[PDB]
Amino acid sequence: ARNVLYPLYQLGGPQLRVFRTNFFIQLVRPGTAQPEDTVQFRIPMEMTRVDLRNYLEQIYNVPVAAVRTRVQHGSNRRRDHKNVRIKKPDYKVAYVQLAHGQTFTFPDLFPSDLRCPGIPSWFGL
Amino acid sequence: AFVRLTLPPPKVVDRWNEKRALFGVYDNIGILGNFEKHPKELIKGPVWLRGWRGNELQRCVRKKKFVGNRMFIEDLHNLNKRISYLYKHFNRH
Amino acid sequence: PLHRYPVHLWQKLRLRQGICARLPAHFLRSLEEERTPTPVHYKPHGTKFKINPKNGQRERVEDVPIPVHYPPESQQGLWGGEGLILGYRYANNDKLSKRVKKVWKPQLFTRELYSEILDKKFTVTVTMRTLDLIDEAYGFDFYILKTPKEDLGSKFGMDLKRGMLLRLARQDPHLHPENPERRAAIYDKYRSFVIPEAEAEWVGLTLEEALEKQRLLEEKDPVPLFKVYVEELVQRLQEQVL
Amino acid sequence: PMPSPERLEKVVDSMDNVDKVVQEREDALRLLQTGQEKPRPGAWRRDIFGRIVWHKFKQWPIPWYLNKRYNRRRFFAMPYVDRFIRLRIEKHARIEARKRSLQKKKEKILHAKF
Amino acid sequence: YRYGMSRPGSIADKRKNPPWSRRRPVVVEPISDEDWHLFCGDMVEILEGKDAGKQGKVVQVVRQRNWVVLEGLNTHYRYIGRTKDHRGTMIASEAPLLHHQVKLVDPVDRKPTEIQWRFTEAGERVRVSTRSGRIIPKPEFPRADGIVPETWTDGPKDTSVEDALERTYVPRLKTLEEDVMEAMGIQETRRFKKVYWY
RNA sequence: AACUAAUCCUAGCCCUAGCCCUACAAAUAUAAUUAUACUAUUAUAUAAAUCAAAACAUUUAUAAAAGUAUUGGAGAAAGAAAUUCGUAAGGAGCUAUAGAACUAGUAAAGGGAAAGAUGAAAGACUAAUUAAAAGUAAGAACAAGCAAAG
RNA sequence: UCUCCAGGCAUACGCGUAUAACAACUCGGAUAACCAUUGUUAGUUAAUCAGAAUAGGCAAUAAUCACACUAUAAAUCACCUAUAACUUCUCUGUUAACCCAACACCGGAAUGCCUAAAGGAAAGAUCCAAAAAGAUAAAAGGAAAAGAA
RNA sequence: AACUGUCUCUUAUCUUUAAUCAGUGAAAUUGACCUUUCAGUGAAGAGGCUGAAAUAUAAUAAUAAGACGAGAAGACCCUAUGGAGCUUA
C-alpha cells in the first residue's frame, strides 16, 4: 500500500498485515536483454523488493527465485510553453527471476475526361 | 502614428433621463425651505470634503484627521510622507 | 477600505467577543476597572486656575503627570509605589545650567516579611515606603490585602493577595497547621477580606493565564456518539412509554 | 493505443466506490465507539506565521516532554506577526476591491455586446 | 477562453483558444438552471436563423454560449473527404442556435409556446406552457455509448445482473477489517506498547 | 493591389462610496517540508537620520477662537486654550509606451520583465482591412556643386 | 583500406538525461555536413559496489624493512569485571561525449593506474598575387660563440 | 670576445596570410549632402564664401614618409597675509 500511514513498531508489537493493497504494478517487455525466466516489472517507488516477492507469491501465487530492482531517473529537460521544466515521473524497474524452473516469455500483444479537361464530368453538353 | 481602419458604432444618448431631467432640483432648499437645511448639507462624497474645500495640502491634512485612525498603517505612513512634500512646496516655495 | 472601528476599538471588540465574554463576570469586572496608582513623585496642581497666555485672563488648568518607570522587578517584588524616573535633568536645578542625561534611582532593597495568613516569612525586594505602609496597614498581611493592585504595584504581591484571599475564603486548615484555635483568630483578624472562592481564584491572574484557565475549564473530551445516541434513544423511548 | 480505455476508468470507479463504502462503515463505527470524527488524533495549532492549521498528532516512542526535538518544533507565533495579520486583513480587503473592479470591466462589455 | 462548437480541450478548441489568445471576450447572458429550459432531445422551433420556423430535436447544448444545436437544421454546406485524388463530398454541417433563437413545442399543438417551470406530484421539474398549459415530458435520449441497458450482454469480467443486485451486508458492530478476520480466522495476540501521540 | 509593416478592444487598472473584522495522500520548523527519540525552546529598545535652517550646533508640522498669543541659534519654524459649536454604487478617471510592476511577484538580502487581437458558426479549410511610419522593390547613375529658388 | 597525430583509463567532485534507438532537417552548434538541436520511445539491475547496548577497573617506551643505532624536531578503542539484548538483506546511489569558466571556451578540476594494446585528424574548395607573420638555408664577411673586464 | 643572415647585403623554399568559388554574418560610426583644384577672406583655420580653373557617366585597385601632423582637463612642476578638513595639552 502506498500513500498510507503504517503503524509504528515496538518490541512485542503486532505483525504488520496489509489486508487491502494499493500497490499497482505493470509487467513490461524487457527493454534490455534478460534471461527468459527473468521478468521486468514497473512498480511504485515506495515498494520494496520483499513486498514484490510477497506480492507475487501471495496475490498471484508466482514462485520467485531472485529479484533485482533499479530506479530510472525521469528526464526534467523538457519544458512547457512557459519555459517551465517538465519532469517525467520516476519509475522503478524490477527484474524478477522465477523459481521452480519456471520460464517467462512476453506475450505478443497487438499481434472529368482526360480528352475533355476543364469541363466537369457532370456536363453532357 | 496610425489610425483605426474601422468606424465605431453610432451611439444615441437621452438628454431627458430622470438624472439629467431632475438635475439641480431642490438646490433652493434653504431659501424655499426656510433655511432649515443649507445646500451644503446636500453634498455626498468623501467625508473630509463634504461642504468644505481647500488647497491640496489642506485637503490631504483634513483627510488624515477624518480617517487617520481608520486608515491602513501602510497608507498612513505614505500619507505622512506625502504630506511632508506638499507642506514644503506650498509653505517654502 | 476603512475600518469601521478604530484600532483601539479592536481590543474592545476582542474582549467583548469569544472566550473573553465567557470569562467569569467577577474577573471581567476586575480587569475592566482601572484604578489610578497613588502619586508618589509628582503632585497635581493645587490650584484649579491660572493665567491664559493669549488672553491674559484666569483659566482652568490641566495636570501633566511626570513619567515614572516601574521595572518588572517591581512586579516580582513589593514596592510601595516607588519607581525609576528616566529623563533629562538640569544641573543645580536651574534652567541656565547644562542638560545631563539622568536616571533617578529610588533606594531598592530585599527584605523579609512575616505573613500571618501564610504562616511564612517571605524575603522579597521592597522599598522603605512599603515598610511604612505595612506598619500603617497593621501587618504585612493587611498591606497585601488592603492595598489595591496599582498601589501595591506587584504581581507577586497580587499573587500573594490571591493566595491570602483564597486562604481566607475557604477557611483552609492550611493556615497555622496544628493550631486550629490560632487559625480561627487569623481568619477572624482578616475576616474583612473573606470573599467567594471563585473570585479569589482569579484575583491577579494574567490575561494569558486567564484565557488558558478559561479554556481549560471549558475543554471537554469528545462525546462518543454511541453514548449520545443511547441517551437520545432512551429519552425518545421513555417519552413513547408515557 | 490501449483497447477499450474506458475499462480502466470503470475499474477505478469501482475500486474508488469500494473504498468509500468500506471507509463509511469504519467511520460510522469509529464515531459511535469514540466520537472522533477523524481516524488520526489531531488538533488546531498556531504556526509561527500566525495561521491556524490542523496539526495531526504523531505517535512517538518517547513522550513530548522527554522529546527535545518535538519541543524544538515551533507551534507559537512571534510578536511581529501582528503586523502580518493586519496585512492579511488588508490583503483580503484589497482582493474584494479588485474583485469589484473585475466585475465592473465585465459589466462594460455586457453593455457593449448587448 | 471563448467557448465554441468544438468541445473544450479538443485540437480545434486549442487552435480556437491558444494559450496566448486574449481576444475580446464574447459576453453571454447568464441563464439560471431553473431559467434554462432547453435540453438534448427536445423538439424546438427555430425563431430566427437559416431554418427559422422549422421544428427540430436538440442534439447538443453548449450552455456556456447559450447555444442549442439541432441536427439537420441551421445547416451550411461543407466538403467531407477532400483529398488530392478527390475533390470531396458535400455534407450537412450544423451551426449553433442561441437560446432566444428557439422555443419549445407543445406536443399536441405544434407551436413555439412560451413555457414556465413548475414541479409535479413526483416533484420532478416540468416545463408548462404559459398559454394552453400542458406538461412537456422530458424527452428520451439514447445512452452516449449506444448501449441499451437491457439489450447489453455480459462480456468477460462482467458480473451478472442478479449478482450486482444481491445484498449480503448484515448490520453489525464490526468493520470490514474485523469481519475479514472472522471469515478467514486471522488472530493476533501481540500488542503495541504505549505510544505518546504528539 | 509590393515586400517589410500597419490596423483593432478588452486584459485589467485608478479614485471615492459602501463595508471593517469576529470564515488530496504524504512531508514539515530537525538541515522546515527528512515517516519514530538526538539538541531543549524565542521576537523587541526614544525611531533615528536624511531633511529645513541656503553650512552647522539648540531646534525642524507630518467647527470657531486661530495660524492669533505664546514658544524658537526670536530663525528655519513651532503653536494650545478659555469660551462657543457639532443627532442622520459611482467617476467632464485610464484603455496594452496609458491604467496596478502585472497576462505576474510569474519568467543571498533583494531586484523584477516581455506579450494579445477572424466570424453568428472553423462539426463554416482562419478574417479582413491600409496610394497609410521609417526601411526597401517596382524604376541605379550622366561636366556645375547646402541641392532650392526665379 | 591508406596517410599522418600521441596522455590514455577509472574513481572523487559537479552536472541531472546532455545518455541510446528511431523520426525530422526549420530553430540551437558561435557556418554546414553531422548532430550535441526538434519529437518519440527506451535506460542505471547489488547480502558481495557505494550511502544510509551499558557501568566499572586499568594502560610509561615513535617511526624509519625496527633489529643494531642513536637522536630531537617528540612521533601509541583495546582488554578485563558485571549488567542488557536473543536469529538479519530492506531502503538508496548506479546512464552520458557530463563539471566550474555568459559558450561544444582557450583555461579551472581531487586521487589511482598506466604511455599506446588506449586515444586521435592539421586539408570547405580553387589559385600559388604582392605585402605581412613564422620556420629553414647562405658565396665572402662575422655584431659593422657562451668567454674578459 | 666570439659566434652566427642580426648586419655588410640580400636571396630562395615551406607554412600562415594572400587571391578566386560557395555558405553564414557583426562593431565603433552616421544633420542632410548633387561631397573638386588654385589664390583670396578668416579665429593658426574652406569640398560648400569672393575670383580664377577643371570637369562624360558609373566603377576598380594600391601606399603611410612629411606637414617639427591634428588633438584632451594625458604628462610634469610651482603658487596663494586662497578655501576647507584634520590633530591638539
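Among the residues of region C:143-153, is there at least one that is buried (at least 18 other Cβ atoms within 10 Å of the Cβ), over 19 Å from C:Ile195 (Cβ atoms) and within 13 Å of the chain's Cα centre (by Cα)?
Within region C:143-153 (the criterion being buried (at least 18 other Cβ atoms within 10 Å of the Cβ), over 19 Å from C:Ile195 (Cβ atoms) and within 13 Å of the chain's Cα centre (by Cα)), the answer is yes, since at least one residue qualifies.
Looking only at region D:73-114, filter to residues that are under 15 Å from D:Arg46 (Cα atoms) and not hydrophobic (A, V, I, L, M, F, W, C); which one of those is nearest to RNA strand G (Cβ to nearest atom)? Walk me through how you get there before you give the answer.
Looking only at region D:73-114, we keep the residues that are under 15 Å from D:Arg46 (Cα atoms), and these are D:73-82, D:84-85.
Remaining after also requiring not hydrophobic (A, V, I, L, M, F, W, C): D:73-74, D:79-80, D:82.
Numbers: D:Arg73: 21, D:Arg74: 26, D:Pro79: 38, D:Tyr80: 35, D:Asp82: 40 Å.
Restricting to residues being under 15 Å from D:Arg46 (Cα atoms) and not hydrophobic (A, V, I, L, M, F, W, C), the top hit is D:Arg73.
Among the residues of region A:1-51, what is the count of those that are over 21 Å from D:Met15 (Cα atoms), surrounded by 13 or more Cβ atoms within 10 Å (Cβ to Cβ), within 14 Å of chain E (Cβ to nearest Cβ) and among the polar types (S, T, N, Q)?
1
With the condition kept exactly as written, say whether any residue in region D:87-103 is within 14 Å of chain E (Cβ to nearest Cβ) and within 30 Å of B:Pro10 (Cα to Cα).
Of region D:87-103, the ones within 14 Å of chain E (Cβ to nearest Cβ) are D:102-103.
Those still in the list that are within 30 Å of B:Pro10 (Cα to Cα) too: D:102-103.
Yes: one or more hits.
Checking B:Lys81 against (1) under 21 Å from the mean Cα position of the chain (by Cα); (2) under 25 Å from D:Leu87 (Cβ atoms); (3) away from chain C (no Cβ under 14 Å), which test does it fail?
Every condition holds for B:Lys81 apart from (1).
Could you list, ordered by first residue, the pairs with Cβ atoms under 8 Å in which the first is in region A:81-101 and over 24 Å from A:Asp51 (Cβ atoms) and within 14 Å of another protein chain (Cβ to nearest Cβ) and the second is within 16 Å of RNA strand F (Cβ to nearest atom) and in a loop (DSSP other than H, G, I, E, B), at least 6 apart or interchain?
Every condition considered, the pairs that remain are A:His81/E:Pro19.
Six or more apart or on different chains, Cβ atoms under 6 Å: show the pairs whose first residue is in region B:44-55 and part of a loop (DSSP other than H, G, I, E, B) and whose second is more than 8 Å from RNA strand F (Cβ to nearest atom).
B:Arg50/B:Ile43; B:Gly51/B:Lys40; B:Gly51/B:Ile43
Kindly provide the set of residues from region A:75-87 that are within 16 Å of RNA strand F (Cβ to nearest atom) and in a loop (DSSP other than H, G, I, E, B), ordered by number.
Going through region A:75-87, the residues within 16 Å of RNA strand F (Cβ to nearest atom) turn out to be A:76-87.
Selection gives A:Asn76, A:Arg77, A:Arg78, A:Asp80, A:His81, A:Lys82, A:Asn83, A:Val84, A:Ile86, A:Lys87.
Looking only at region C:197-242, which residues are more than 14 Å from chain D (Cβ to nearest Cβ), not in a helix (DSSP H, G or I) and not β-branched (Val, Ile, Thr)?
Passing the criteria: C:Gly204, C:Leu205, C:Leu242.
Do any strands (runs of 3 or more DSSP E) entirely within region E:66-152 hold 2 or more residues that are touching a strand residue (DSSP E or B) at 6+ places or on another chain (Cβ under 6 Å) and not β-branched (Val, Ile, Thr), and if so, which?
Details: elements: E:67-70, E:75-80, E:89-94, E:102-104, E:115-118, E:126-129.
Those strands (runs of 3 or more DSSP E) span E:75-80, E:89-94, E:102-104, E:115-118, E:126-129.
Give the residues of region E:109-124 that are farther than 14 Å from E:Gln55 by Cα and either in contact with an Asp or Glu (Cβ under 7 Å, 6 or more places away or on another chain) or surrounded by fewer than 14 Cβ atoms within 10 Å (Cβ to Cβ) (or both), sorted by residue number. Let's see the steps before the verdict.
Quick first cut of region E:109-124, residues farther than 14 Å from E:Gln55 by Cα only: E:114-124.
Scanning region E:109-124 gives E:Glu114, E:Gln116, E:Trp117, E:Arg118, E:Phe119, E:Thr120, E:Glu121, E:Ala122, E:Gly123, E:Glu124.
Of all residues in region A:61-74, which are surrounded by 10 or more Cβ atoms within 10 Å (Cβ to Cβ), in a loop (DSSP other than H, G, I, E, B) and not aliphatic (A, V, I, L, M)?
A:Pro63, A:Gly74
Quick one: which residue in A:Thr103, A:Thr69 is under 16 Å from the mean Cα position of the chain (by Cα) and either farther than 30 Å from E:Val195 by Cα or more than 9 Å from RNA strand G (Cβ to nearest atom) (or both)?
Working: A:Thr103 fails: under 16 Å from the mean Cα position of the chain (by Cα).
Every option except A:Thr69 fails the conditions.
Looking at region D:45-54, is at least one residue over 30 Å from A:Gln10 (Cβ atoms), loosely packed, with under 12 Cβ neighbours inside 10 Å and more than 14 Å from chain E (Cβ to nearest Cβ)?
yes
Is it the case that some residue within region B:34-49 is surrounded by 11 or more Cβ atoms within 10 Å (Cβ to Cβ) and small (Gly, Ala, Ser)?
no
In this structure, is B:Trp16 within 30 Å of C:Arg4 (Cβ to Cβ) and not in a helix (DSSP H, G or I)?
On the way: within 30 Å of C:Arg4 (Cβ to Cβ): no; not in a helix (DSSP H, G or I): yes.
No, not satisfied.
Values in this text are rule-based calculations from the coordinates and carry no lab data. Here Cβ is always computed from backbone atoms with ideal geometry, including for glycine, and neighbour counts include all displayed protein chains.
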